[PDB]
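Chains as they are written, first to last, in full-length UniProt numbering: chain P, 705 to 761; chain U, 647 to 1049; chain G, 4 to 456, 469 to 473; chain F, 117 to 173; chain B, 474 to 646.
See structure below.
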Amino acid sequence: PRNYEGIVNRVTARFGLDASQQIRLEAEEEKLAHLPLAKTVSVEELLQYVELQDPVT
Amino acid sequence: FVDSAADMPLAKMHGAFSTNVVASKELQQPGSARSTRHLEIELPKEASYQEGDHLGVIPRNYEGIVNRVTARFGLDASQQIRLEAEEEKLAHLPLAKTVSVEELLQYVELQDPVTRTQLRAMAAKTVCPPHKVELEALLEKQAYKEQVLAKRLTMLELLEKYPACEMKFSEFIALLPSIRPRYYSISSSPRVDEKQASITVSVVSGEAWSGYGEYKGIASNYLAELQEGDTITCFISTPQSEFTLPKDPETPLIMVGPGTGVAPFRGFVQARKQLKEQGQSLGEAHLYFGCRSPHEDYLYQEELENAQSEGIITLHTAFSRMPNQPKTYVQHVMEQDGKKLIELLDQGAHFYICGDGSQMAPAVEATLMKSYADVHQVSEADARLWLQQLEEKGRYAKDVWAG
Amino acid sequence: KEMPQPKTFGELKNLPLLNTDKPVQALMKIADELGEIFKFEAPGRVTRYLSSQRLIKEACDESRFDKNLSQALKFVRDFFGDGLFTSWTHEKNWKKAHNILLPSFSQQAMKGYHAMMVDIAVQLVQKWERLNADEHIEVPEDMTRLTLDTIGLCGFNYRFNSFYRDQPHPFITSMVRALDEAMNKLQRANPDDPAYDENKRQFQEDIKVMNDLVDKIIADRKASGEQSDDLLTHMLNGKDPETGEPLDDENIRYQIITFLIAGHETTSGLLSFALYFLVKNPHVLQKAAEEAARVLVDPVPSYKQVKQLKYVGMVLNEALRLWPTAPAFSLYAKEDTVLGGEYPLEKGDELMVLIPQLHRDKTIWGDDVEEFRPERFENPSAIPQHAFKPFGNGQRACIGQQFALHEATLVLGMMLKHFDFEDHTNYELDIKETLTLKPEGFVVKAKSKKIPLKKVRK
Amino acid sequence: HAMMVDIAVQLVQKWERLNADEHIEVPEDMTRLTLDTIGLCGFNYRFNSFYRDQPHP
Amino acid sequence: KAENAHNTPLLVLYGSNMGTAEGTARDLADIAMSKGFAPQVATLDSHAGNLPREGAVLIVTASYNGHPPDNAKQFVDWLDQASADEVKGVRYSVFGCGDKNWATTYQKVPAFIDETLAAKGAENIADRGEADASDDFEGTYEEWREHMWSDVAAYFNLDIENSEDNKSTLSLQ
Ligand SMILES: Cc1cc2nc3c(=O)[nH]c(=O)nc-3n(C[C@H](O)[C@H](O)[C@H](O)COP(=O)(O)OP(=O)(O)OC[C@H]3O[C@@H](n4cnc5c(N)ncnc54)[C@H](O)[C@@H]3O)c2cc1C
Ligand code: HEM
Ligand SMILES: Cc1cc2nc3c(=O)[nH]c(=O)nc-3n(C[C@H](O)[C@H](O)[C@H](O)COP(=O)(O)O)c2cc1C
Ligand SMILES: COc1ccc2nc(SCc3ncc(C)c(OC)c3C)[nH]c2c1
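Here's what the structure looks like:
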């Protein structure tokens, strides 16, 4: 599935970000979180790779 | 989070780097029907500039015009898609990559006149027989000049006019030219801050000559909408024709720069002001500035009046639209001052024109030559040779544009 | 005027001047001594060596002089036949092959060789990336691996796999032996003395090794499902628009050997001399390295990117100015004529253009002709006609000029992007002659720029 | 792993680059690969066996 | 594989500072390929003296305040003073990129080259062509082009019949 608009906007609002802001991640460490690393990708599309409402760990 | 920018090819072709807007504000008065913007831009360590250099700006297409395209093709902005050809492509498109529609649309020109290739492509997908006859009519030499080129009629406006032309998005995008940079005359001196540059941008806007609604100039409206903290992709460009202050600050200058034409002279003014503050003596410098009104578009009035008060320049204004005054242009003022301006050029002054190259520059040039002819009692041919020699000595410089 | 002549040896005239391992360098020294023109006589034979642009511009007038086969070229025809290089202009097979094969060096063809050039260039960069600390590089040896493989692959879809070999490829060993023998023959007073019986035997066996390889290329292609839209495709398939005829089998075999040799040896030489001059001119090296880094932004170079390497181009042309790797070509007088208003020639008289001396004419280049200054070539338009001729003259000029330069420029660009070089032995230039010229014993060390990689973690 | 891949890519490339009807001396090429792999992985030392026509000394 | 009829030698040289003339040149070389030629594209002042004594040479150039573009200066100078190395055999044609906004200098460099080339032994196969950036540059470019192919057609050989769309060569995704 995809995360709905309401919940994506709650995140970009909390971080003061624009949906369309292109950015690039990196770690060196493994990642069950299956993120496109070393690629540029908007915030809003990064946010379709992750669970936003699992209990806090 | 390399929050990073496409380094679209053109950005690479121009050495455009990505960087931040530090200021953005309006220069005309509240209630002017027109807009002229002032932007301050930060430069990275690797870039540097000089007075009379240009900022190359890679612009983005505005939302209105992107939506007109996605609406015509029934597409969502965010729809990811992938192109391919096998054939070369000045249109500098990311091929064999997935990329949204809206971002594909930032690689191309959306409002260039429709080309003959474009018209044939549309004709071939048209199942409206009378509509095919019309598109083909436009291919003829005369019609093409008068209805396409004279009015700047675009492929987009013809696709909107012909909703049953079965051209498809991916054929549209591929038939378009690559997005071009726009040049702006840097309006600041590096002697004040080496790593910060300003530009002065008249905002293109009006009723489309094509007849299809309201026209907005691509880069100028992109620049007009930027705000502090936004990023911008640009490069420094140095023109083939040198446009710099004399080496000796006592050499006299005459500057003619109405409207946004003042831009590079604001850099000259800032340079002279620093040279003074470093103990150098300055000679005469006349700035001929013209605009509609001080109630409207007298750009940088405060700065220019201050400069004049500190002896950095002598300021001569002309106003076209002041109630109860004759319509005045810089060349009319220059002509009143002919004697003085010509004596100055006889003592080694440099002369500079900036701004509109289609009407203002030629008329200014004609007035200068006529002042010469009248002062030195010679023919128009001798006055033309004089100007030719002045240019060949490097003392008659132009930073003018049709835009 | 009567023309100068170097020292003579009684009945052998000047022949013994060629009894040396470095005969072009000897001729060059004679030119410096005698000036723009000298006569060189052997028993039964005369030629006239030209060194000034003043005379050479007249020699280059195709209405008055045509390509001659020098003695050297007559000996090499023994294996080059009536291929493009050793055919007379008036032999039917010259214009036919010229017309059939010129389209293999068109712009489109060049674009289509790019990928394969990159293939071999990546093999050379990798070999060097993979050396251990303090190992060194045998420069002309590695440049020959690269150039032979590049013409093999681009021209014939054939892989010599020279980078998988620790010695030179067998084809190179017999080539060098055959060229050496042709060169040594030049000085022989009595070529049919039976003392040279073994020389001739080794010569035929080397001709055989080279022709055995030609036979394989031909066999591969007959097998080659072949579009292999390349030089060989044109050899086997193209028709000359003039006669309407294709090349016959015999001529094609000569073309293949011709292109395998001419197509690599002199390019190997150029790259070797260019690396030599760079390491000896560290400011020039840095300026070339700066361009490479600036231009070659992608993991492998594009065609348009190679064309962007202006300074590298300048470096190569300056290497060709000092040490043009095919250092002489020969002309004959088509009719009686007077050279320079002072030297009468009869129809058939032979001239030699001594290219390295032409390239040192101070009237053209200025006094500093021994310096390595690529800036000389900043506007090539500025150079007078017939002043710079490393690729020969007119309709008999080098067919492969653009191919050699594109390859050299690509390769040198990559080397300069990817490594720092050290002249660790302070190498003294020693120029080996095999008719063609190349540095012998030239070695360097190359320290990888890991285009940066050093990465830790532990 | 990365260094093993380095040598394995060298072996695949040698074979990709053979001409039609050329053949592969199997144990000879396997020795080029295995010696180079322990040399590189174990000791950061390059025997460069694929640059040699005979076996390494 | 293509079809490669003519294949006659068409060398296209440009004088360009901002690429208008250079793109026009490369466009020509692209339509030549479609008409079976063996085209070659290069700057003007790089074949300074090396004009092709066979086929034809299209010369596409701008003007800057009456002067040649940076990549054409060596050519023209070579052309102006140097005339000794005559231009006989060289069958050419000239296309001019200019702007009417430049008064007294309109198309001065293309004109110079065109007429100078002829007062040195011209095989002018096709009359010069002009483009005014300030009006209908594609009209004139189009007029000169069609007339041009035919002039050279009749002159030598006869490769394309109607481009036979050796053109439409899309490539997309
Ligand atoms: C060397 C140089 C220096 C320059 N310096 C400056 C400067 O300092 N400041 C500045 O403001 N500009 C400057 N310009 C002009 C500038 O580069 C841009 O051209 C200008 O901002 C317009 O580009 P744009 O993308 O906004 O409009 P575009 O989208 O490119 O449209 C421009 C075209 O639209 C046409 N047009 C105008 N009105 C209409 C209409 N109503 N209907 C249809 N078509 C119309 C114009 O005539 C022009 O042909 C300079 C140009 C040059 C060459
Ligand atoms: C720097 C590299 C090169 C140099 C210096 C060089 C030099 C020359 C010279 C001087 C000649 C004229 C010989 C004469 O007049 O007797 C010539 C001709 C020739 N070259 Fe080159 N060459 C080089 C690269 C190549 C390449 C790469 C090829 C093949 C792809 C090649 C193929 C030939 C051919 C076939 C001829 C004879 C052309 C003819 O007469 O029709 N050359 N070369
Ligand atoms: C500074 C300048 C000077 C120019 N001078 C002339 C000129 O003298 N004659 C002319 O016909 N056009 C003149 N032009 C118009 C250009 O030649 C026209 O833009 C040409 O199409 C640019 O071609 P290019 O991009 O290949 O350099 C000039 C343009 C500029 C910017
Ligand atoms: C005294 O006679 C000599 C000596 C040396 C020479 N070197 C030459 S250079 C001859 C030459 N040129 C170009 C190419 C491509 C080529 O291919 C291997 C050869 C052999 N001619 C000579 C003649």
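Cβ atoms here follow ideal geometry from the backbone N, Cα and C, with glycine treated the same way.
Item to check | Stretch pair the stretch 310-322 of chain G + the stretch 287-295 of chain G: three plus CB contacts closer than 8 Å | outcome: yes
Checklist entry - Assuming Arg837/U contacts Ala917/U under a Cβ cut-off of 8 Å, what Cβ separation, rounded to an integer in Å, is found between them? => result 5 Å
Item to check | Sequence ranges, beta strand (DSSP E) only - wholly within the stretch 81-169 of chain G, length at least 3 | outcome: none
Checklist entry - By how many angstroms is the C-alpha of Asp500/B removed from the C-alpha of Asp1002/U? => result 32 Å
Checklist entry - Would you say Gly612/B faces chain U, with C-beta separation under 8 Å as the test? => result yes
Checklist entry - Based on Cα-Cα distance, which residue from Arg938/U, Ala1009/U, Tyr790/U and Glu697/U lies nearest to residue 424/B? => result Nothing in the structure corresponds to residue 424/B, since chain B is present only between 474 and 646.
Checklist entry - Terminal residues of the continuous alpha helix (DSSP H) containing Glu425/G? => result Premise fails: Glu425/G lies in the beta strand (DSSP E), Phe422 to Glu425, not in any alpha helix (DSSP H).
Next on the checklist: Which residues of the stretch 378-390 of chain G have a Cβ closer than 7 Å to any Cβ of chain B? Give them in chain order.
Outcome noted: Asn382, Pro383, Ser384, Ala385 and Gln388
Checklist entry - If you drop the 5 nearest sequence neighbours on each side, which residues of the same chain put their C-beta closer than 8 Å to that of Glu338/G? => result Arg67 and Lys350
Checklist entry - What do you reckon, is the C-beta of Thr269/G under 7 Å from a heavy atom of ligand 4? => result A heavy atom of ligand 4 is found nearer than 7 Å to the CB of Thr269/G.
Item to check | Cα-Cα separation, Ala136/F to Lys130/F | outcome: 13 Å
Next on the checklist: Can you tell me whether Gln886/U sits near ligand 1, meaning its C-beta is under 7 Å from at least one heavy atom of the ligand?
Outcome noted: Answer for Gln886/U: no, Cβ out of range of ligand 1.
Checklist entry - Can you find a heavy atom of ligand 3 that lies under 7 Å from the Cβ of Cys570/B? => result Under cutoff, so the answer is yes.
Checklist entry - Residues of chain B with a CB under 7 Å from the CB of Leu741/U: which are they? => result Chain-order list of chain B residues neighbouring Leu741/U: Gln646, by C-beta distance under 7 Å.
Checklist entry - How many angstroms separate the CA atom of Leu484/B from the CA atom of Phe12/G? => result 53 Å
Checklist entry - Measuring CB to CB, does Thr578/B end up less than 8 Å from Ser607/B? => result Their beta carbons are not under 8 Å apart, which means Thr578/B does not touch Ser607/B by this criterion.
Checklist entry - For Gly38/G versus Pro7/G, is the C-beta spacing smaller than 8 Å? => result yes
Next on the checklist: Along the stretch 106-119 of chain G, where does the CB come closer than 9 Å to a CB of chain B? Name the residues.
Outcome noted: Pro106, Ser109, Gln110 and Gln111
Next on the checklist: Residues in the same chain with beta-carbon distance under 8 Å from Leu802/U, minus the five sequence neighbours each way, listed in chain order, please.
Outcome noted: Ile711, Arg714, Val715, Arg718, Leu756 and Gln757
Item to check | Coil, strand or helix - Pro759/U by DSSP | outcome: In the three-state reduction of the DSSP assignment, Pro759/U falls in the strand class, which pools E and B.
Item to check | Exposure of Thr153/F, with buried meaning 16 or more beta-carbon neighbours within 10 Å | outcome: buried
Checklist entry - Mind checking if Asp649/U is an interface residue toward chain P, Cβ cutoff 8 Å exclusive? => result Among the residues facing chain P, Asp649/U is included, as its CB has a counterpart in that chain under 8 Å away.
Item to check | Within chain G, partners of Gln513/B - CB distance below 8 Å | outcome: Result: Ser109 and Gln110.
Next on the checklist: Any beta carbon of chain F sitting closer than 8 Å to that of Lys453/G?
Outcome noted: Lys453/G has a beta carbon lying at 8 Å or more from every beta carbon in chain F.
Checklist entry - List, in order along the chain, the chain G residues whose C-beta lies closer than 8 Å to that of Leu134/F? => result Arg162 and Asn164
Checklist entry - Residues in its own chain within less than 8 Å of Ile103/G by CB, not counting five upstream and five downstream? => result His237, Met238, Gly241, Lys242, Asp243, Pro249 and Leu250
Checklist entry - What's the C-alpha gap between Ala1007/U and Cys1000/U? => result 8 Å
Next on the checklist: So that I know if they touch, is there some Cβ in chain F lying closer than 8 Å to that of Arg472/G?
Outcome noted: No, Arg472/G does not count as interfacial toward chain F.
Next on the checklist: For ligand 2, I want to know if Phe78/G counts as a neighbour, meaning its beta carbon is within less than 7 Å of at least one of the ligand's heavy atoms.
Outcome noted: no
Checklist entry - Could you give the C-beta distance for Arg162/G and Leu134/F, rounded to a whole number, given that I count them as a contact under 8 Å? => result In this structure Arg162/G is in contact with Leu134/F, their Cβ atoms being roughly 7 Å apart against a cut-off of 8 Å.
Checklist entry - CB of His101/G to nearest heavy atom of ligand 2: below 7 Å? => result Because some heavy atom of ligand 2 lies under 7 Å away, the Cβ of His101/G counts as near it: yes.
Next on the checklist: Could you give the first and the last residue of the continuous beta strand (DSSP E) run that contains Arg297/G?
Outcome noted: Boundaries around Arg297/G are those of the alpha helix (DSSP H), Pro285 to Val298, since no beta strand (DSSP E) includes it.
Checklist entry - Taking 7 Å as the cut-off, is the CB of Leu419/G close to at least one heavy atom of ligand 4? => result no
Next on the checklist: Taking 5 Å as the limit, name every residue whose beta carbon sits nearer than that to some heavy atom of ligand 1, in sequence order.
Outcome noted: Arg798/U, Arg828/U, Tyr829/U, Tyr830/U, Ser831/U, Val847/U, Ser848/U, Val850/U, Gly852/U, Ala854/U, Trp855/U, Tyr861/U, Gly863/U, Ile864/U, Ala865/U, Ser866/U, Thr906/U, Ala909/U, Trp1047/U and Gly1049/U
Next on the checklist: In this structure, how does DSSP classify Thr11/G when only helix, strand and coil are distinguished?
Outcome noted: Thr11/G: coil per DSSP, three-state reduction.
Checklist entry - Leaving out the 5 sequence neighbours to the left and right, which residues in its chain are closer than 6 Å to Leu234/G when beta-carbon positions are compared? => result So the list reads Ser107 and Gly158, once near-sequence residues are dropped.
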